[PDB]
Amino acid sequence: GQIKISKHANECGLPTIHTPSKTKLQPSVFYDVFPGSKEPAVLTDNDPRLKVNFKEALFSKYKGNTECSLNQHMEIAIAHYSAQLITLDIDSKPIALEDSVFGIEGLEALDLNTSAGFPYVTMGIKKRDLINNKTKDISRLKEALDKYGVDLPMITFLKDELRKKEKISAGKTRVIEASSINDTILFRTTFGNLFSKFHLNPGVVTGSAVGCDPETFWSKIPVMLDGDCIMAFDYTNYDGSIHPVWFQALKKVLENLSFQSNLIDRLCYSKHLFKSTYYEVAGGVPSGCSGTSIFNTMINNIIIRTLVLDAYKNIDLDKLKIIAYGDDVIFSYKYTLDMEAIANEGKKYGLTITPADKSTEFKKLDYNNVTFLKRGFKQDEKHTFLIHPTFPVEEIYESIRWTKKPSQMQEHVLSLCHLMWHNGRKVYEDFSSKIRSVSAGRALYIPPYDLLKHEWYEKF
Ligand SMILES: [K+]
């Protein structure tokens, strides 16, 4: 991604936006009970913890684009991925405004708690003021679409969340680039049936895990991804590193499904508003907004195919099975490929890819050490076709030590329990006892292991 334009907002017909510079994260009642070293992310230039300039850190996400063109290997990649997708017989017709608001089969209802974006943020107008959920009345929304129109700047919010210590010093706090409700409605209106089909068919034909429930989906992964060689790897700054050429490739895949392509240009060449700065960037996917997860997944599908083609002169793409969730990816081939060779092919395109899970070098992977959506794989000891999604124990301890809303510790703890029991019985009873080593913890309800185990079985 490359900042092409950076000017004062008032010079480009726009107001200054006011960023909350104060974390809601506060030490929880379990802070001293569990070990950890994560702290709330930096949200101001005035921050004792900093050791770098803050403004530079936020925008280094946009390093620049390499010189490259849509090559032959990409052309084969889009043809191959498109044939898979033509198999699903997706309806390329648009959906109705009411269905984009209140949801359809496969496409859940619009979240009414996320911000409505520009210009509503400037005048206190929230999503619930435009859309009434009990009346199902959306008169104000219709009024607001005609009035303010379409193709509005994305407001960039700092992400108030826990980070590792190293990332506090270096100013590495993440960003979300939230689109106006007017634009998310427009993308849902045009691409709604695409998103729907993807959500109902997670797996190796869509090549996506978007919308999946890992509690059931994990058992299905090892049958979809057959073939001896299990592969995965990490991307450094996936969103911001995606060259325009992958957006071109994406548009062609959508055209092969009979959708219009024009709207993807608004993600590739995007408009942004941070504080008092209007800026435009070429390349990069805007992190976390208008149907972003699905397009990121489709791009990853094009990238994996393309990189494997670049690395291996002889490959059968039909046996290259791929499951992606944005930048997260797990995949397989019918015999052993070299992850390091495939990784090296990313450099010419401006992609930086390294060994999976912070690993020092590329190592062979199977189901005892492979990770997807941060989760390992662990079979049930009785019914070995039922696979537990294993969540990392350290992240759970880290999360429970902090809170944005102390009155909701019960809900926070329930979330962590559903994650933790998969790791094992003994580990879960250890977590439970430590919670209950303190007054506030004894007061909370903790689901018995056997409750969780049978809720899980009564789910297949
Ligand atoms: K962009």
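Calculation rules
Residues numbered from 1 in each chain as written, not as in the entry; some residues may be left out. Heavy atoms only, no water. Helix = DSSP H or I, 4+ residues; strand = E, 2+ residues; numbered from the N terminus. Rg over C-alpha atoms; globule rule 2.2 N^0.38 Å. Buried < 20%, exposed > 50% of the residue type's maximum accessible area, 1.4 Å probe, protein only. Contact = heavy atoms within 4.5 Å. Areas by Shrake-Rupley, 256 points an atom, 1.4 Å probe, with all protein chains shown as cover. Domains from an automatic or database assignment. Donors = N, O, S within 2.8 Å, 3.2 Å for Na, K, Ca; no water. Pairing = 2+ DSSP bridges. Axes fitted to C-alpha atoms, helices over the stretch in contact; angles between N-to-C directions. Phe/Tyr/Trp six-rings, centres within 6.5 Å; stacked < 30°, edge-to-face > 60°. Salt bridge = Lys/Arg side-chain N within 4 Å of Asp/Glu carboxyl O.

Structure determination for this PDB entry is given in the record as X-ray crystallography, at a resolution of 2.50 Å.

Peer 1: Tell me what's going on with the overall build of the chain, and back it up with residues and numbers.
Peer 2: Within the chain one finds 17 helices and 16 strands. Computed over its C-alpha atoms, the radius of gyration of the chain comes to 23 Å, within 12% of the 23 Å expected for a compact globule of 460 residues. Counting only C-alpha atoms and orienting by the principal axes, one finds that the chain spans roughly 60 × 55 × 50 Å. Counting across all 460 residues of the chain, residues that qualify as buried make up 50%. Put simply, of all contacts in the chain between residues at least 6 apart along the chain, 75% involve residues at least 24 apart. Total accessible area on the chain is roughly 22,000 Å²; 50% of this is exposed by carbon and sulfur atoms.

Peer 1: A description of the domain arrangement of the chain should follow, citing residues and the corresponding values.
Peer 2: In terms of domains, the chain is made up of domain 1 (1-13 + 70-202 + 244-283), domain 2 (212-243 + 291-366) and domain 3 (374-460). Here the C-alpha centroids of domain 1 and domain 3 sit 33 Å apart.

Peer 1: I'd like a rundown of the coordination of the potassium ion, residues and numbers included.
Peer 2: On the protein side, the potassium ion has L267 (O), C268 (O), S270 (OG), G283 (O) and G284 (O) as donor atoms, found 2.7 to 2.8 Å from it. Spacing between the donor residues of the potassium ion along the chain follows L-C-x1-S-x12-G-G. With a gap of 16 residues between them, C268 in helix α10 (residues 265-268) and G284 in the loop between β10 (277-282) and α11 (292-311) connect regions that are remote in the sequence. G284 carries the same exposure label as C268, and that label is buried.

Peer 1: So what's going on with the sheet that holds strand β4 (residues 154-158)? Which residues, and what values?
Peer 2: Sheet architecture is open: five strands sit in the order β1-β10-β9-β4-β6, paired in mixed fashion. With one partner strand each, in any of the chains shown, β1 (2-8) and β6 (175-178) form the two edges of the open sheet. Between one strand and the next, the sheet's axes are offset by a mean angle of 30°, whatever the strand orientation. Bridging between β1 and β10 involves six bridges; their strand directions are antiparallel. If you follow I5 over to β10, its bridge partner there is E280.

Peer 1: Account for the packing of aromatic side chains, naming residues and giving values.
Peer 2: Per the counting criterion, the structure on display carries 25 aromatic pairs. Plain terms: the ring middles of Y120 and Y148 are 5.6 Å apart, the flat faces sit at 90° to each other, and that makes the pair edge-to-face. You can see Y120 sitting in the loop between α3 (97-102) and α4 (127-130) and its partner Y148 sitting in helix α5 (residues 139-148), a full 28 residues away along the chain. Taken together, a centroid distance of 4.7 Å and an interplanar angle of 70° make the contact between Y235 and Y238 edge-to-face. Residues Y235 and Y238 agree in their burial class; the two are buried. A network of ring pairs unites the aromatic residues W421, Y428, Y449, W456, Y457 and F460 as a single cluster.

Peer 1: Give a description of unusual backbone geometry that names residues and reports values.
Peer 2: Note: most peptide bonds trans; most residues except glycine with negative phi. Of note, the amide linkage connecting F118 to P119 takes the cis form, showing an omega dihedral of 0°. Structurally, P119 can be placed in the loop between α3 and α4. Even without being a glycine, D357 presents a positive backbone phi close to 55°. Position of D357 among the secondary structure elements: in the loop between β13 (353-354) and β14 (376-379). Since its relative accessible area comes to 40%, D357 is described here as partly exposed.

Peer 1: Explain the sheet that holds strand β7 (residues 229-232) to me, using residue names and the numbers behind them.
Peer 2: Taken in spatial order, the three strands of this open sheet run β7-β12-β11, and their pairing is antiparallel. The open sheet terminates on both sides in strands that have one partner only, identified here as β7 and β11 (321-325). Between one strand axis and the next, the sheet turns through 15° on average, direction left out of account. Sheet topology places β11 next to strand β12 (residues 328-333); five bridges connect them, and they run antiparallel. Of the residues in β12, the one forming a bridge with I323 is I330. α11 rests against β11 and β12 of the sheet, and its axis sits at about 145° to β11.

Peer 1: Tell me what's going on with the pattern of salt bridges, and back it up with residues and numbers.
Peer 2: Throughout the structure, instances matching the rule amount to 19 salt bridges. With a closest N to O distance of 3.6 Å, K275 and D45 form a salt bridge. Taken together, the residues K275 in the loop between β9 (269-274) and β10 and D45 in the loop between β3 (39-40) and α1 (54-59) connect sequence positions 230 residues apart. Under the relative-accessibility criterion, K275 is labelled partly exposed at 27%. Measuring nitrogen to oxygen at the nearest pair gives 3.3 Å for the salt bridge that ties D265 to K251. Taken together, the residues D265 in helix α10 and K251 in helix α9 (residues 244-256) connect sequence positions 14 residues apart. The class of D265 is partly exposed, set by a relative accessible area of 28%.

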